[PDB]
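A look at the structure
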Amino acid sequence: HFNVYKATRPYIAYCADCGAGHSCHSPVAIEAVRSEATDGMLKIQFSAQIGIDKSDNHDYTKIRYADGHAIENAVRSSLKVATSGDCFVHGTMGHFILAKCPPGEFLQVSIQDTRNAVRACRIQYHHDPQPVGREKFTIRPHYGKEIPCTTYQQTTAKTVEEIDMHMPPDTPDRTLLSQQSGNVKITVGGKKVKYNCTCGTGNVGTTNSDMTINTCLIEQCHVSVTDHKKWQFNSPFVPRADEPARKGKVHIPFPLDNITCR
Amino acid sequence: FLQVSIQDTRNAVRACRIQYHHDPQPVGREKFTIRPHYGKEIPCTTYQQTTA
Amino acid sequence: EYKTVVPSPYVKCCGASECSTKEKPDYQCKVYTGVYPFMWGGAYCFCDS
Amino acid sequence: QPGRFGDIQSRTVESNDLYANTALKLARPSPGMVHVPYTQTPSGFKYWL
Amino acid sequence: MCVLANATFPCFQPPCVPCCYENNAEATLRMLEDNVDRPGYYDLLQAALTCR
Ligand SMILES: *[C@@H]1O[C@H](CO)[C@@H](O[C@@H]2O[C@H](CO)[C@@H](O[C@@H]3O[C@H](CO)[C@@H](O)[C@H](O)[C@@H]3O)[C@H](O)[C@H]2NC(C)=O)[C@H](O)[C@H]1NC(C)=O
Ligand SMILES: *[C@@H]1O[C@H](CO)[C@@H](O[C@@H]2O[C@H](CO)[C@@H](O[C@@H]3O[C@H](CO)[C@@H](O)[C@H](O)[C@@H]3O)[C@H](O)[C@H]2NC(C)=O)[C@H](O)[C@H]1NC(C)=O
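In the PDB header, cryo-EM is given as the technique by which the entry was determined, and 3.7 Å as its resolution.

See the structure below:
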């Protein structure tokens, strides 16, 4: 069948703090948290999509994540969603993660990197559920009534849902410029880098292989990998590539259905 | 309360815990929990990592 | 309830962009000048101001 | 009126039109970031609930 | 009901069958990016990214 998760890639965004009180661009950035489930089960959204390996194959063990315009994978274990206590994880697909948490004031999501370092993103969120009915209990009893309620299902069929993708911007970098002696070289590897220099009318355009200027210093040329080839996301934290925009459409998993609670 | 714990040579936990009523308030006029991504900068004091 | 839709900002550098109106509920748009964006690798749009 | 019942209104569940009045306001982004700050009065439906 | 420049082909049978993404991925994304307003978008997307 269709494998819509081939034209999407993980990205790196800006997190408010990384679990220690300082802000840096993390691969586990937290987007909006939706909690319209009656029994109280949250749909958190990463920036780095999950359940798929680097090779675009459905794997219950490899999770994709971005690092320096390069996609790596980490083990599904160690994926920790935490609140005042320690939550429980139910579902896992795409960018979305289904969690159930004790009452608290903030939540963080953390994973292990390729070289085994904790990458964590934390966001303020006043989570405090009220079970459906007229009594404010905690856990279900072994003798009681049945009331209708709503929750998120594990099915991934047609859902009639929208999330918007667009082509990633021109990623800036400075490592790919190497100044040896009155000249610089541009690193390669498949990234059709766009370059702009000022020395001697400069050189404007995009290349595909190694290039040398022989004329000016580093502080006139710029490295902007175009990449293209793959929809990233419509996130507020990364710029666009054109004013009228292009926009795409992807179905999100985990729709809403009726069930019965005790 | 707060406790501190270290492993011994033989992987035996050694810990000690003391009664201490810890309840911070951030400086300002809101009692927020973690810093936002758009707001003011207010002076405050902290311990530095330098060992000079 | 409502859902606030915030499309990704468009940063045109070494130039300017002009705001336009659209027929959307409570639509809002603005332009800010003098920005110096930063990214993970380094601040793009070499034009200083 | 924003902040109370009926901040957004639709003639029908299936209707395409919408009238929302929620005082969505924009702010100038901080130096060295790309984040589109806004402020908005909380939803009226939650507070009526 | 979908259109490609001056093609006007049914969305159920795109002219790039089979393996549109494999043969030309960039063209596939650009072609899908002009049909967001068309009602027949989901069948086109199904046909674009489905080939054995
Ligand atoms: C959980 O169960 C409720 C109760 O059945 C479901 O709500 C029902 O959804 C159907 C849609 O298939 C509604 O039918 C509607 O009827 C109106 C005419 O009144 C028509 O204009 C609509 O096009 C649609 O056919 C039905 O009224 C509605 N029931 C109630 C009491 O509102 C709900 O969909 C179920 N699933 C959830 C909540 O996830
Ligand atoms: C590559 O970088 C250079 C700068 O390092 C870019 O040149 C810049 O071009 C824009 C418009 O083309 C200039 O903005 C305006 O230009 C008019 C021209 O008369 C000037 O009168 C205005 O006052 C305003 O400056 C900008 O000044 C200029 N920057 C310079 C000369 O340092 C160039 O556009 C870049 N290449 C590409 C493809 O964008």
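Read on for the rest.
Interfaces are frequently sized by the accessible area removed from exposure as the parts join. In this complex, chain C contributes 17 residues to the contact, which on the side of chain D involves 21 residues. Taking both sides of the interface into account, the surface hidden between chain C and chain D amounts to around 1,700 Å²; carbon and sulfur atoms contribute 62%. Contact with chain D buries area across many residues of chain C, yet C:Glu1, C:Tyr2 and C:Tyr32 alone supply 40% of it, more than any other trio. Run the count over chain C and chain D and you get one salt bridge. Residue D:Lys46 is joined to C:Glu1 by a salt bridge in which the shortest nitrogen-to-oxygen separation is 3.5 Å. Viewed at the interface, chain D and chain C are joined by seven residue pairs in polar contact. Partitioning the side of chain C that touches chain D into residue classes produces ten nonpolar, four polar and three charged.

We now examine the site of ligand 2. By nearness alone, every residue bordering ligand 2 is listed as A:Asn196, A:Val204, C:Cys14 and C:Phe46. At ligand 2, the nearby residues belong to more than one chain, namely chains A and C. Here A:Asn196 contributes a side-chain N or O atom positioned 2.4 Å from an oxygen atom of ligand 2.

Pairs may arise between side chains of opposite charge once their charged atoms sit close together. All names here are of chain A. Within the structure shown, the criterion is met by eleven salt bridges over all chains. For the salt bridge of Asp56 with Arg64, the shortest nitrogen-to-oxygen distance reads 3.1 Å. Across the pair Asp113 and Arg119 runs a salt bridge whose closest N-O atoms are separated by 2.7 Å.

For the rest of this paragraph, the subject is the site of ligand 1. For ligand 1, the full set of nearby residues is A:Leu256, A:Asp257, A:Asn258 and D:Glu14. Surrounding ligand 1 are residues belonging to chains A and D, so the site spans chains. Between ligand 1 and A:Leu256, the relevant distance is 3.4 Å, taken from an oxygen atom to a main-chain nitrogen or oxygen of the residue. Contacts to ligand 1 include A:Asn258, whose side-chain N or O atom sits 2.3 Å from an oxygen atom. Considering ligand 1 on its own, with 750 Å² of exposed area, one finds that the protein chains cover 18% of that surface. Its residues assigned to classes, the shell around ligand 1 comprises one nonpolar, one polar and two charged.

Moving on, we come to the interface of chain E and chain A. Facing 15 residues of chain E, the contacting portion of chain A comprises 18 residues. Across the chain E/chain A interface, buried area totals approximately 1,700 Å², and carbon plus sulfur atoms make up 54% of it. Among the residues chain E hides against chain A, the three largest losses belong to E:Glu33, E:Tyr42 and E:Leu49. Together they make up 34% of the total. Across the chain E-chain A interface, the total number found is five residue pairs in polar contact. At the level of secondary structure, the elements contributing two or more residues to the side of chain E that touches chain A comprise α1 (20-23), α2 (25-32) and α3 (42-48) of chain E. When its residues are assigned to classes, the side of chain E that touches chain A shows nine nonpolar, two polar and four charged.

Of the pairings in the sheet, the one linking strand β14 (residues 193-196) of chain A to strand β16 (residues 223-225) of chain A comprises two bridges and is antiparallel in character. By the bridge assignment, A:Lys194 is partnered in β16(A) with A:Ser224.

A few words now on the sheet that holds strand β11 (residues 171-173) of chain A. Residues and elements named next belong to chain A. Reading across from one edge, β11-β16-β14-β15 is the order of the four strands in this open sheet, with antiparallel pairing throughout. Where the open sheet ends on each side, the last strands, each with one partner, are β11 and β15 (204-206). Taking the axes of each pair of neighbouring strands and ignoring which way they run, one obtains an average angle of 25° across the sheet.

Turning our attention to the state of the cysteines. Applying the stated rule across the entire model yields nine disulfides over all chains. Across the disulfide from C:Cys14 sits C:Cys47; the S-S distance is 2.0 Å. What sets the handedness of the C:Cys14 and C:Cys47 disulfide is the S-S torsion sign, and at about 115° it is right-handed. Look at C:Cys14 and you get exposed, because its relative accessible area is 56%. Residue class for C:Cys47 comes out partly exposed when judged on its relative accessible area of 35%. Between the sulfur atoms of E:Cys2 and its disulfide mate E:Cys11 the distance is 2.0 Å. Between E:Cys2 and E:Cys11, the S-S dihedral sits near 115°, and the bridge is therefore right-handed. Look at E:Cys2 and you get buried, because its relative accessible area is 0%. The cystine pairing of chain E, numbering bonded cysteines in sequence order, is 1-2, 3-5, 4-6. Summary of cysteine pairing: A:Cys24 is not part of a disulfide, and the nearest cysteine sulfur, belonging to A:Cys18, is at 3.4 Å. Unpaired in this structure, A:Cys261 has its nearest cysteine sulfur neighbour in A:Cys149, at a distance of 5.1 Å.

Criteria and cut-off values
Residues numbered from 1 in each chain as written, not as in the entry; some residues may be left out. Chains lettered and ligands numbered in written order. Part of a larger assembly, values for the part shown. Heavy atoms only, no water. Contact = heavy atoms within 4.5 Å. Buried area = accessible area lost by both parts, 1.4 Å probe. Salt bridge = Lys/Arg side-chain N within 4 Å of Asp/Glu carboxyl O. Polar contact = N/O pair within 3.5 Å; in protein donor to acceptor, adjacent residues only side chain to side chain. Nonpolar A, V, L, I, M, F, W, Y, C, P; charged D, E, K, R; others polar. Near = heavy atom within 4 Å. Areas by Shrake-Rupley, 256 points an atom, 1.4 Å probe, with all protein chains shown as cover. Helix = DSSP H or I, 4+ residues; strand = E, 2+ residues; numbered from the N terminus. Pairing = 2+ DSSP bridges. Axes fitted to C-alpha atoms, helices over the stretch in contact; angles between N-to-C directions. Disulfide = S-S within 2.5 Å. Buried < 20%, exposed > 50% of the residue type's maximum accessible area, 1.4 Å probe, protein only.

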